[PDB]
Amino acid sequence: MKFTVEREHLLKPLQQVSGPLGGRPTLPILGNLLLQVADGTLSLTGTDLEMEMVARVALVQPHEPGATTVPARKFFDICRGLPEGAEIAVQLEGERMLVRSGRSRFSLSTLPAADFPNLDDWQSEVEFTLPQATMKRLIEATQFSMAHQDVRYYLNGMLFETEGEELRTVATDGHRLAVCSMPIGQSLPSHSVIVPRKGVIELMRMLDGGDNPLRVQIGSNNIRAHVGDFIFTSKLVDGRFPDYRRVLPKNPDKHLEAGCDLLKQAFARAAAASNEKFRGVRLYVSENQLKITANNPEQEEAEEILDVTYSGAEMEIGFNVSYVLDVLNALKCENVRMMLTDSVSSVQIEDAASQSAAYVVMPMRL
């Protein structure tokens, strides 16, 4: 094989295909890219046998058939470490990858492309499109709530589901939960899949406000995202993922509406005021009043009050500072509404202004 093209139409592609991967791969084949040329198109392919990115580049200058597997780290630095504007001529020499940037020519050790483990294709089962930014926010709004290394492996990934003409993701470590729903623009059937950590990360990556409204195809045990030239694909996690509806507080009496940043303060302040961080925050809601004090079990120190809109009995509930703060941050709003019940049962924070997203945080042992 042989092809030649600028250092621009290559670095970007060569950066996205090997972007997620990169390290001390297992077998040498896993840390290698797949270079192919045919019909006047060079196709780069990277994979970690969980997901795989594939860039498509139409070879303008002289091209020629062939399939080789050159290393990734190496092959990228080289082209990335050359005169910006220089052309690169690659040709498969029996068992080496001859490169040429002017006369700055290299030679890479290469394994057969007949050994590459490309996610042997499978059958698509839904598909639809929707602006990146939308498919973006859906992630941002729930990503922080996905477990990290939980033995309940299904939690280590976000869920995606479509029903109606609404796409909604939901993440959860079994202490706090996050949910966001968005309008795609197409009436789609109803299916629900679990995209994993890395996969969500990658999917989040490629997204960047590009004139290529992401196209999505959910399926058997795979899901892919064709965004212009890049085509990210991830396998799915399998297991019963908790029902976001069975956790939402059921008929909560107590309701309160405060200030998004005013509460950030409250909690943030009390957070620092808490020298023994494992004790968490202590909220005391009383008829239109919020005395938020850093829970110091064996102590009574300084706290803060807030002039909020409350209803229901008075109660003091414990809260893991963080869980509450992530929620307030995710809610880039002004006024936050809340729904309580019990000092030992789930709470539902959420923006007042809208209902696109909703969070639920389990209080902590006071």
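All residue numbers are counted from 1 along the displayed sequence.
Engineer: Using only the Cα atoms and their B-factors as the entry lists them, report which of 193 to 201 and 109 to 117 averages higher.
Structural biologist: Mean C-alpha B-factor is greater for 109 to 117.
Engineer: Of the two stretches 70 to 78 and 235 to 243, which shows the higher Cα B-factor on average in the entry?
Structural biologist: In the deposited entry, the stretch with the higher C-alpha B-factor mean is 70 to 78.
Engineer: Going by the deposited entry, which of 140, 211, 161, 257 has the highest CA temperature factor?
Structural biologist: Out of 140, 211, 161, 257, the record gives the largest C-alpha B-factor to 211.
Engineer: Take the CA temperature factors straight from the PDB entry and tell me which of 262, 216, 171, 98 peaks.
Structural biologist: Of the candidates given, the C-alpha B-factor peaks at 98.
Engineer: Which third, lowest, middle or highest, does the CA B-factor of residue 253 fall in along this chain?
Structural biologist: Residue 253: CA B-factor falls in the middle third of its chain.
Engineer: Please place residue 31 in the lowest, middle or highest third of its chain by C-alpha B factor as given in the entry.
Structural biologist: Ranked within chain, residue 31 CA B lands in the middle tercile.
Engineer: What third of its chain, lowest, middle or highest, does the C-alpha temperature factor of residue 17 fall into?
Structural biologist: Its C-alpha B-factor, which the entry lists for residue 17, ranks in the highest third among residues of this chain.
Engineer: Pull the Cα B-factor of residue 11 out of the PDB entry and bin it into the chain's lowest, middle or highest third.
Structural biologist: It falls in the top third of the chain.
Engineer: According to the PDB entry, is the CA B factor of residue 277 in the bottom, middle or top third of its chain, that is, lowest, middle or highest?
Structural biologist: Highest third - that is where residue 277 ends up once the chain's C-alpha B-factors are sorted.
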